[PDB]
Amino acid sequence: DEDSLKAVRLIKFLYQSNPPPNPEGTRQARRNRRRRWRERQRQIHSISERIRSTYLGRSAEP
Amino acid sequence: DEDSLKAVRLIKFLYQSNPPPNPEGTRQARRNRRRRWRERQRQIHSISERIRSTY
Ligand SMILES: [Br-]
Ligand SMILES: [Br-]
Ligand SMILES: [Br-]
Ligand SMILES: [Br-]
Ligand SMILES: [Br-]
Ligand SMILES: [Br-]
Ligand SMILES: [Br-]
């Protein structure tokens, strides 16, 4: 019943730790930062889904 | 350092969430579980190293 609390907090915390990049520099840099941000967001997605499926609401799911 | 301890706790919990796979099985099934697990680890490394730098 305590793993559930960590799980909800971790997920919360995961998304907050990935703010969008500040627009600055050349087109090439700005594109580079946005590509990396997107990669990180997807990673945060799969991680979260894994956590939800393990510790939370999706864990009851067949 | 309240917020910092919180962060490290969540990260620790995160590593906790990716236990190594049971080793038993064919070399093929073992190679696949290991590959997938390796991927999860890297994701976690990114996040954590990312949070270290930015927190
Ligand atoms: Br916590
Ligand atoms: Br941008
Ligand atoms: Br660049
Ligand atoms: Br690109
Ligand atoms: Br066994
Ligand atoms: Br680190
Ligand atoms: Br650093």
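The deposited coordinates derive from X-ray crystallography, with the record listing a resolution of 2.500 Å.

Turning to the overall build of chain A, a few remarks are in order. Counting its secondary structure elements, chain A contains 2 helices and 0 strands. Computed over C-alpha atoms, the radius of gyration of chain A comes to 15 Å, more than 25% over the 11 Å expected from 2.2 N^0.38 for 62 residues, which places it beyond the range of a compact globule. Considering only C-alpha atoms, chain A reaches an extent of 50 × 20 × 10 Å along its principal axes. Residue pairs in contact within chain A that sit at least 24 positions apart in sequence constitute 60% of those at least 6 positions apart.

Turning to the overall build of chain B, a few remarks are in order. Check the secondary structure of chain B and you find 2 helices and 0 strands. Computed over C-alpha atoms, the radius of gyration of chain B comes to 14 Å, more than 25% over the 10 Å expected from 2.2 N^0.38 for 55 residues, which places it beyond the range of a compact globule. Projected onto the principal axes, the alpha-carbon positions of chain B cover approximately 45 × 15 × 5 Å.

Here the focus is the interface of chain A and chain B. Each side of the interface is counted separately: chain A has 15 residues, and chain B has 15 residues. Counting residues per element, the ones that place at least two in the side of chain A that touches chain B are α1 (3–16) and α2 (27–55) of chain A. Here the residues of the side of chain A that touches chain B are counted per class, giving 7 nonpolar, 3 polar and 5 charged.

Quick look at the pattern of salt bridges now. Residues and elements named next belong to chain A. A salt bridge links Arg33 to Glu24, with the nearest nitrogen and oxygen atoms 3.5 Å apart. The partner of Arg35 in a salt bridge is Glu39, with the nearest N and O atoms 3.2 Å apart. One end of the pair, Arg35, and the other, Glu39, are both in helix α2, 4 residues apart, so they sit about a helical turn from each other.

For the ring pair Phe13 of chain A and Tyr55 of chain B, a centre distance of 5.0 Å and an interplane angle of 70° mean the geometry is edge-to-face. A residue pair is termed interchain when its members come from two chains, as with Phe13 of chain A in helix α1 and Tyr55 of chain B in the segment after α2 (27–53). Ring plane angle 50° and centroid distance 5.0 Å describe the contact between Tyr55 of chain A and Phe13 of chain B, whose orientation is recorded as tilted. Taken together, the positions of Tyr55 of chain A in helix α2 and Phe13 of chain B in helix α1 (residues 2–16) put the pair across two chains.

This part is about the side chain of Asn18 of chain B. Tracing the sequence through the fold places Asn18 of chain B in the loop between α1 and α2. Of the polar contacts made by the side chain of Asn18 of chain B, one reaches the side chain of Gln41 of chain B; its length is 2.9 Å. Once residues lying within four places of it in the same chain are set aside, the contact partners of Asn18 of chain B are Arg50 of chain A together with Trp37, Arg40, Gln41 and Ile44 of chain B.

Reading guide: rules and limits
- Residues numbered from 1 in each chain as written, not as in the entry; some residues may be left out.
- Chains lettered and ligands numbered in written order.
- Heavy atoms only, no water.
- Residues with missing side-chain atoms left out of burial classes, pairs and counts.
- Helix = DSSP H or I, 4+ residues; strand = E, 2+ residues; numbered from the N terminus.
- Rg over C-alpha atoms; globule rule 2.2 N^0.38 Å.
- Contact = heavy atoms within 4.5 Å.
- Nonpolar A, V, L, I, M, F, W, Y, C, P; charged D, E, K, R; others polar.
- Salt bridge = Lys/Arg side-chain N within 4 Å of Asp/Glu carboxyl O.
- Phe/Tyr/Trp six-rings, centres within 6.5 Å; stacked < 30°, edge-to-face > 60°.
- Polar contact = N/O pair within 3.5 Å; in protein donor to acceptor, adjacent residues only side chain to side chain.

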